[PDB]
$ cat protein-v6.csv   # CSV, N, CA and C atoms
chain,number,residue,atom,x,y,z
A,2,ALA,N,-21.6,-11.1,52.6
A,2,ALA,CA,-20.2,-11.2,53.1
A,2,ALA,C,-20.2,-11.1,54.6
A,3,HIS,N,-19.4,-11.9,55.2
A,3,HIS,CA,-19.2,-11.9,56.7
A,3,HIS,C,-18.6,-10.5,57.0
A,4,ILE,N,-19.1,-10.0,58.1
A,4,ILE,CA,-18.6,-8.7,58.7
A,4,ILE,C,-18.4,-8.9,60.2
A,5,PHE,N,-17.2,-8.4,60.6
A,5,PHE,CA,-16.8,-8.6,62.0
A,5,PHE,C,-16.4,-7.3,62.6
A,6,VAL,N,-16.6,-7.1,63.9
A,6,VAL,CA,-16.3,-5.9,64.6
A,6,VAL,C,-15.1,-6.2,65.5
A,7,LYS,N,-14.0,-5.5,65.2
A,7,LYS,CA,-12.7,-5.8,65.8
A,7,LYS,C,-12.1,-4.5,66.5
A,8,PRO,N,-11.3,-4.7,67.5
A,8,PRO,CA,-10.6,-3.6,68.1
A,8,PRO,C,-9.4,-3.2,67.4
A,9,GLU,N,-9.3,-1.9,67.0
A,9,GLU,CA,-8.0,-1.4,66.4
A,9,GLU,C,-7.0,-1.4,67.5
A,10,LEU,N,-6.0,-2.4,67.5
A,10,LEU,CA,-5.1,-2.6,68.5
A,10,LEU,C,-3.9,-1.6,68.4
A,11,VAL,N,-3.3,-1.3,69.6
A,11,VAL,CA,-2.1,-0.4,69.7
A,11,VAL,C,-1.0,-1.1,70.4
A,12,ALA,N,0.2,-1.1,70.0
A,12,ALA,CA,1.3,-1.7,70.6
A,12,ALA,C,2.5,-0.8,70.7
A,13,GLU,N,3.3,-0.9,71.7
A,13,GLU,CA,4.6,-0.3,71.8
A,13,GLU,C,5.6,-1.4,71.7
A,14,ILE,N,6.5,-1.4,70.7
A,14,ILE,CA,7.4,-2.5,70.4
A,14,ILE,C,8.8,-2.1,70.5
A,15,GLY,N,9.0,-0.8,70.7
A,15,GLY,CA,10.4,-0.3,70.9
A,15,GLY,C,10.9,0.7,69.9
A,16,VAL,N,10.0,1.2,69.1
A,16,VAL,CA,10.3,2.2,68.1
A,16,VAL,C,10.2,3.6,68.8
A,17,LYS,N,11.3,4.3,68.9
A,17,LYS,CA,11.4,5.5,69.6
A,17,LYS,C,11.8,6.7,68.7
A,18,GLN,N,11.3,7.9,68.9
A,18,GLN,CA,11.7,9.0,68.2
A,18,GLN,C,13.2,9.2,68.3
A,19,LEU,N,13.8,9.4,67.1
A,19,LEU,CA,15.3,9.4,67.1
A,19,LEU,C,15.8,10.7,67.8
A,20,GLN,N,16.6,10.5,68.9
A,20,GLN,CA,17.3,11.6,69.5
A,20,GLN,C,18.7,11.1,69.9
A,21,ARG,N,19.6,12.0,69.9
A,21,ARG,CA,21.0,11.7,70.0
A,21,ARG,C,21.3,11.0,71.3
A,22,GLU,N,22.4,10.3,71.3
A,22,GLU,CA,22.9,9.6,72.5
A,22,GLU,C,23.6,10.5,73.5
A,23,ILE,N,23.5,10.2,74.7
A,23,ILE,CA,24.1,11.0,75.8
A,23,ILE,C,25.4,10.4,76.2
A,24,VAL,N,26.5,11.1,76.0
A,24,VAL,CA,27.8,10.6,76.3
A,24,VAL,C,28.5,11.6,77.3
A,25,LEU,N,28.4,12.9,77.0
A,25,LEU,CA,29.2,13.9,77.7
A,25,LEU,C,29.0,13.9,79.2
A,26,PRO,N,27.9,13.7,79.8
A,26,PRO,CA,27.8,13.7,81.3
A,26,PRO,C,28.7,12.7,82.0
A,27,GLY,N,28.8,11.5,81.4
A,27,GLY,CA,29.7,10.5,82.0
A,27,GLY,C,31.1,10.7,81.8
A,28,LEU,N,31.5,11.6,80.8
A,28,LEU,CA,32.9,11.8,80.5
A,28,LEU,C,33.4,13.1,81.2
A,29,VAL,N,32.6,13.8,82.0
A,29,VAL,CA,33.1,15.0,82.6
A,29,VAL,C,33.1,14.8,84.1
A,30,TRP,N,34.0,15.5,84.8
A,30,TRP,CA,34.2,15.4,86.2
A,30,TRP,C,33.0,16.0,86.9
A,31,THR,N,32.1,15.1,87.4
A,31,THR,CA,30.7,15.5,87.9
A,31,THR,C,30.7,15.5,89.4
A,32,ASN,N,30.1,16.6,89.9
A,32,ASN,CA,29.7,16.7,91.3
A,32,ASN,C,30.8,16.3,92.3
A,33,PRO,N,32.0,16.8,92.2
A,33,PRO,CA,33.0,16.7,93.3
A,33,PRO,C,32.7,17.6,94.5
A,34,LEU,N,31.9,18.7,94.2
A,34,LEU,CA,31.6,19.6,95.2
A,34,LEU,C,30.1,19.6,95.4
A,35,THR,N,29.6,19.5,96.7
A,35,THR,CA,28.2,19.3,97.0
A,35,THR,C,27.7,20.3,97.9
A,36,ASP,N,28.4,20.8,98.9
A,36,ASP,CA,27.9,21.6,100.0
A,36,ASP,C,27.8,23.1,99.5
A,37,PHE,N,27.0,23.3,98.5
A,37,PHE,CA,26.8,24.6,97.9
A,37,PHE,C,25.9,25.5,98.7
A,38,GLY,N,25.0,24.9,99.5
A,38,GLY,CA,24.4,25.7,100.5
A,38,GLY,C,25.4,25.9,101.7
A,39,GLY,N,25.1,27.0,102.4
A,39,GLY,CA,26.1,27.3,103.5
A,39,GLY,C,27.4,27.7,102.9
A,40,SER,N,27.4,28.4,101.8
A,40,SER,CA,28.6,28.9,101.1
A,40,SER,C,28.3,30.2,100.5
A,41,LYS,N,29.0,31.3,100.8
A,41,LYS,CA,28.7,32.6,100.3
A,41,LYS,C,28.6,32.7,98.8
A,42,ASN,N,27.5,33.3,98.3
A,42,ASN,CA,27.3,33.5,96.8
A,42,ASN,C,27.3,32.2,96.1
A,43,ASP,N,26.9,31.1,96.7
A,43,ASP,CA,26.8,29.8,96.1
A,43,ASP,C,28.2,29.3,95.6
A,44,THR,N,29.2,30.0,96.0
A,44,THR,CA,30.6,29.7,95.6
A,44,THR,C,31.3,28.9,96.6
A,45,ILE,N,31.8,27.8,96.2
A,45,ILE,CA,32.8,27.0,97.0
A,45,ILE,C,34.1,27.2,96.4
A,46,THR,N,35.1,27.6,97.3
A,46,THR,CA,36.5,27.7,96.9
A,46,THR,C,37.1,26.4,96.9
A,47,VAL,N,37.9,26.1,95.9
A,47,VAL,CA,38.7,24.9,95.7
A,47,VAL,C,40.2,25.3,95.9
A,48,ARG,N,40.8,24.6,96.8
A,48,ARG,CA,42.2,24.8,97.2
A,48,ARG,C,43.1,23.9,96.4
A,49,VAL,N,44.1,24.5,95.7
A,49,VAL,CA,45.1,23.8,94.9
A,49,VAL,C,46.3,23.7,95.8
A,50,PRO,N,46.8,22.6,96.1
A,50,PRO,CA,47.9,22.4,97.1
A,50,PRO,C,49.2,23.1,96.7
A,51,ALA,N,50.1,23.3,97.7
A,51,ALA,CA,51.3,24.0,97.4
A,51,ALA,C,52.4,23.1,96.8
A,52,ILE,N,53.3,23.7,96.0
A,52,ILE,CA,54.4,23.0,95.4
A,52,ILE,C,55.7,23.7,95.9
A,53,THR,N,56.6,22.9,96.4
A,53,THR,CA,57.9,23.4,96.9
A,53,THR,C,59.0,22.8,96.0
A,54,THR,N,60.2,23.4,96.1
A,54,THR,CA,61.4,23.0,95.3
A,54,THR,C,62.5,22.6,96.2
A,55,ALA,N,63.3,21.6,95.8
A,55,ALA,CA,64.4,21.2,96.5
A,55,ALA,C,65.7,21.8,96.0
B,2,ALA,N,56.3,35.3,102.3
B,2,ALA,CA,56.2,34.1,103.2
B,2,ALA,C,55.2,33.1,102.7
B,3,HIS,N,54.9,32.1,103.5
B,3,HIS,CA,53.9,31.1,103.1
B,3,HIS,C,52.6,31.7,103.1
B,4,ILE,N,51.7,31.2,102.1
B,4,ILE,CA,50.4,31.7,102.0
B,4,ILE,C,49.4,30.5,101.9
B,5,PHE,N,48.3,30.6,102.6
B,5,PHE,CA,47.4,29.5,102.8
B,5,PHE,C,46.0,29.9,102.4
B,6,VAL,N,45.2,28.9,102.0
B,6,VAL,CA,43.8,29.0,101.6
B,6,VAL,C,42.9,28.4,102.6
B,7,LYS,N,42.2,29.3,103.4
B,7,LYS,CA,41.4,28.9,104.6
B,7,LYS,C,40.0,29.3,104.3
B,8,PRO,N,39.0,28.6,105.0
B,8,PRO,CA,37.6,28.9,104.9
B,8,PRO,C,37.2,30.0,105.9
B,9,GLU,N,36.3,30.9,105.5
B,9,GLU,CA,35.6,31.6,106.5
B,9,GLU,C,34.7,30.7,107.4
B,10,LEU,N,34.9,30.8,108.7
B,10,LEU,CA,34.1,29.9,109.6
B,10,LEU,C,33.1,30.7,110.3
B,11,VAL,N,31.8,30.4,110.1
B,11,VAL,CA,30.7,31.1,110.8
B,11,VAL,C,30.2,30.2,112.0
B,12,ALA,N,30.2,30.8,113.1
B,12,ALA,CA,29.9,30.1,114.4
B,12,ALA,C,28.8,30.9,115.1
B,13,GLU,N,28.0,30.1,115.8
B,13,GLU,CA,27.0,30.6,116.8
B,13,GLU,C,27.5,30.4,118.2
B,14,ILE,N,27.6,31.5,118.9
B,14,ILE,CA,28.1,31.5,120.3
B,14,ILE,C,27.1,31.9,121.3
B,15,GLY,N,25.9,32.3,120.9
B,15,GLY,CA,24.9,32.7,121.9
B,15,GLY,C,24.7,34.2,121.9
B,16,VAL,N,25.3,35.0,121.0
B,16,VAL,CA,25.0,36.4,120.8
B,16,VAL,C,23.7,36.5,120.1
B,17,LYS,N,22.7,37.2,120.6
B,17,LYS,CA,21.4,37.3,120.1
B,17,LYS,C,21.0,38.8,120.0
B,18,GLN,N,20.1,39.1,119.1
B,18,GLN,CA,19.5,40.5,119.1
B,18,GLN,C,18.6,40.6,120.4
B,19,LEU,N,18.8,41.6,121.2
B,19,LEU,CA,18.1,41.6,122.5
B,19,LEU,C,16.7,42.1,122.3
B,20,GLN,N,15.7,41.3,122.8
B,20,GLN,CA,14.3,41.5,122.7
B,20,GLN,C,13.8,41.5,124.1
B,21,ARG,N,12.7,42.3,124.3
B,21,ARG,CA,12.1,42.5,125.6
B,21,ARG,C,11.4,41.2,126.1
B,22,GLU,N,10.8,41.3,127.3
B,22,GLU,CA,10.1,40.2,127.9
B,22,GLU,C,8.6,40.4,127.7
B,23,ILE,N,7.8,39.4,127.4
B,23,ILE,CA,6.4,39.5,127.2
B,23,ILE,C,5.7,39.4,128.6
B,24,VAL,N,5.1,40.5,129.1
B,24,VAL,CA,4.4,40.5,130.3
B,24,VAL,C,2.9,40.9,130.2
B,25,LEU,N,2.6,41.7,129.2
B,25,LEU,CA,1.2,42.2,129.1
B,25,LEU,C,0.1,41.2,129.0
B,26,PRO,N,0.3,40.1,128.1
B,26,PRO,CA,-0.9,39.2,127.9
B,26,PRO,C,-1.4,38.6,129.2
B,27,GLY,N,-0.5,38.3,130.2
B,27,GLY,CA,-1.0,37.7,131.4
B,27,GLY,C,-1.7,38.6,132.4
B,28,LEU,N,-1.8,39.9,132.0
B,28,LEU,CA,-2.3,40.9,132.9
B,28,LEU,C,-3.6,41.5,132.4
B,29,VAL,N,-4.1,41.0,131.3
B,29,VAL,CA,-5.3,41.6,130.6
B,29,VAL,C,-6.4,40.6,130.6
B,30,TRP,N,-7.6,41.0,130.9
B,30,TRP,CA,-8.8,40.2,130.8
B,30,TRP,C,-9.0,39.6,129.5
B,31,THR,N,-8.7,38.3,129.3
B,31,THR,CA,-8.7,37.6,128.0
B,31,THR,C,-9.8,36.6,127.9
B,32,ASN,N,-10.6,36.7,126.9
B,32,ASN,CA,-11.6,35.7,126.5
B,32,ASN,C,-12.7,35.5,127.6
B,33,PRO,N,-13.4,36.6,128.1
B,33,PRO,CA,-14.6,36.3,128.8
B,33,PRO,C,-15.7,36.0,127.8
B,34,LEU,N,-15.6,36.3,126.5
B,34,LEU,CA,-16.5,36.0,125.5
B,34,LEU,C,-15.8,35.2,124.4
B,35,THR,N,-16.4,34.2,123.9
B,35,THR,CA,-15.7,33.3,123.0
B,35,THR,C,-16.5,33.1,121.7
B,36,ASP,N,-17.8,32.9,121.8
B,36,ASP,CA,-18.6,32.5,120.6
B,36,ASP,C,-18.9,33.7,119.7
B,37,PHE,N,-17.9,34.3,119.2
B,37,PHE,CA,-18.1,35.4,118.2
B,37,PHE,C,-18.6,34.9,116.9
B,38,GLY,N,-18.2,33.8,116.4
B,38,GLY,CA,-18.9,33.0,115.4
B,38,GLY,C,-20.2,32.5,116.0
B,39,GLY,N,-21.3,32.7,115.3
B,39,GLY,CA,-22.6,32.4,115.9
B,39,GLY,C,-23.3,33.6,116.4
B,40,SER,N,-22.7,34.8,116.2
B,40,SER,CA,-23.4,36.1,116.6
B,40,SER,C,-23.2,37.0,115.4
B,41,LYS,N,-24.3,37.8,115.1
B,41,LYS,CA,-24.3,38.7,114.0
B,41,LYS,C,-23.1,39.7,114.0
B,42,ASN,N,-22.4,39.8,112.9
B,42,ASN,CA,-21.4,40.8,112.7
B,42,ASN,C,-20.2,40.6,113.6
B,43,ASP,N,-20.0,39.3,114.0
B,43,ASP,CA,-18.8,38.9,114.8
B,43,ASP,C,-18.8,39.6,116.1
B,44,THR,N,-20.0,40.1,116.6
B,44,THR,CA,-20.1,41.0,117.7
B,44,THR,C,-21.0,40.3,118.8
B,45,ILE,N,-20.5,40.2,120.0
B,45,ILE,CA,-21.4,39.8,121.1
B,45,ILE,C,-21.7,41.0,121.9
B,46,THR,N,-23.0,41.1,122.2
B,46,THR,CA,-23.4,42.2,123.1
B,46,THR,C,-23.2,41.8,124.6
B,47,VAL,N,-22.8,42.7,125.4
B,47,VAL,CA,-22.7,42.5,126.8
B,47,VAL,C,-23.7,43.4,127.5
B,48,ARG,N,-24.5,42.9,128.4
B,48,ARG,CA,-25.5,43.6,129.1
B,48,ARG,C,-25.1,44.1,130.4
B,49,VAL,N,-25.2,45.4,130.7
B,49,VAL,CA,-24.9,46.0,131.9
B,49,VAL,C,-26.2,46.2,132.7
B,50,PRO,N,-26.4,45.7,133.9
B,50,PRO,CA,-27.8,45.7,134.5
B,50,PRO,C,-28.2,47.1,134.9
B,51,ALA,N,-29.5,47.2,135.1
B,51,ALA,CA,-30.2,48.5,135.4
B,51,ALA,C,-29.9,49.0,136.8
B,52,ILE,N,-30.0,50.3,136.9
B,52,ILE,CA,-29.8,51.0,138.2
B,52,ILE,C,-30.9,52.0,138.4
B,53,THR,N,-31.5,52.0,139.6
B,53,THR,CA,-32.8,52.7,139.8
B,53,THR,C,-32.5,53.9,140.8
B,54,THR,N,-33.3,54.9,140.7
B,54,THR,CA,-33.2,56.0,141.7
B,54,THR,C,-34.6,56.1,142.4
B,55,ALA,N,-34.5,56.7,143.6
B,55,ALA,CA,-35.7,56.9,144.4
B,55,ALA,C,-36.0,58.3,144.5
$ encode --input "protein-v6.csv" --output "structure tokens"
Amino acid sequence: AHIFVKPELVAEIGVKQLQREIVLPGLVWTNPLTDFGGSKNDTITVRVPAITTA
Amino acid sequence: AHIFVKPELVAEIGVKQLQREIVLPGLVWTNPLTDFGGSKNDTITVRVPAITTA
């Protein structure tokens, strides 16, 4: 019988271990505050503007 | 009365911790001997010449 020496080939075709989709980071108000250095206790105060009545 | 939300502002004005002036290094015999590497025990011997009596 004919006998041949062949390379066991390996391919990546797009089969990935199943892990959940990432949605929440895009849906949440992300990084409106950045200058967290140069702020006491890593805390940035957020000011909520005043409301007046007529 | 009215109340406002303001930041604490940290400023540099030129107030410094007072330190003395360095004067001693320029007044002391510095480096008449240099090749401490290349001598046993990091030591260079200095030879003081002989004095004779009559």
$ calpha_fit_rmsd --input "protein-v6.csv" --fixed "chain B" --moving "chain A"
3.5 Å
$ closest_residue --input "protein-v6.csv" --among "B:16, B:31, B:23, B:9" --to "residue A:45" --atoms "only C-alpha atoms"
B:9
$ interface_residues --input "protein-v6.csv" --of "chain A" --to "chain B" --cutoff "8 Å" --atoms "all atoms listed in the file" --output "PyMOL selection string"
chain A and resi 47-49
$ atom_distance --input "protein-v6.csv" --atom1 "atom CA of residue A:36" --atom2 "atom N of residue B:15"
23.6 Å
$ select_by_dssp --input "protein-v6.csv" --residues "chain A" --states "helix (DSSP H, G or I)" --output "PyMOL selection string"
chain A and resi 25-28+41-43
$ atom_distance --input "protein-v6.csv" --atom1 "atom CA of residue B:10" --atom2 "atom CA of residue A:40"
10.2 Å
$ atom_distance --input "protein-v6.csv" --atom1 "atom C of residue A:51" --atom2 "atom C of residue B:2"
11.9 Å
